[PDB]
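Given next, in structure tokens, is a single chain: the form deposited in one PDB entry.
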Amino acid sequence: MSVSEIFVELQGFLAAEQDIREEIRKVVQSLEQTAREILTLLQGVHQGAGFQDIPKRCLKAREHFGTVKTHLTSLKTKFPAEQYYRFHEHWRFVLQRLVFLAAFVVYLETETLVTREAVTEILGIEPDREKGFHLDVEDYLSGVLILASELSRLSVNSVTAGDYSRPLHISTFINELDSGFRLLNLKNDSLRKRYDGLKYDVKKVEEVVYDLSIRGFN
């Protein structure tokens, strides 16, 4: 029967894209675990008490990012070009996380913001031009905001560990982030929702810098 033929065909197609869904599920679990490892690793800087080998931690981190580059690059080979916007929602969270941790390492290294390109390169991702994985401007900005929160927390803890120079640099920085985000007319209304938190971050950091200033700490 013609109808039955149509539906056995569509059955083949569906099974196929479910194999794709399965593969992507697995790889997303791997990147999620590597993201958790890098997370617990960099979150040692908050316990400033002691040695805290921040440059060493940054090295280990770069390693885990290499692993993320190979796992991530194991996908670009399998699936068609356009498909890489269809299953986006599966790796949106994990991707924004990896962007975050990236910008975190690079800040702990240079006290600046990773250009989006530098991020794609660290993660092993094709630019908007080449076919494969891409870094949605949305995912980028999201990771940057996660970073802003991480840096306000690290500001407080920095003061607690006797570090009075770091809070200042973090104030300057987070302020830069705020002005930049102000330049933007926020498309998407979940991104704007995080932008509402950015203000709380700025205020918190500025308040730390204040609490130092008025007690005679530059």
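Just so we're on the same page, rigid core means the largest C-alpha set that superposes within 1.5 Å between forms. One rule holds for the numbers: they count along the sequence shown, beginning at 1.
The next section is about a form of this same protein that is not shown, the form deposited in another entry.
S.K.: Relative to the superposed rigid core, does the CA atom of residue 52 travel 2 Å or more between the shown form and the other one?
M.R.: Residue 52: C-alpha displaced by 2 Å or more between the shown form and the other one.
S.K.: Classify residue 77 as shifted (yes) or not shifted (no) between the shown form and the other one, where shifted means its C-alpha moves by 2 Å or more with the rigid core superposed.
M.R.: Result for residue 77: yes, a 2 Å-plus shift.
S.K.: Closer or farther apart in the other form, the C-alpha atoms of residue 36 and residue 52, for a change of 3 Å or more?
M.R.: Their C-alpha distance grows by at least 3 Å in the other form.
S.K.: Once you compare with this form, do the C-alpha atoms of residue 143 and residue 51 lie closer or farther in the other form, given a change of 3 Å or more?
M.R.: Residues converge in the other form, at least 3 Å closer.
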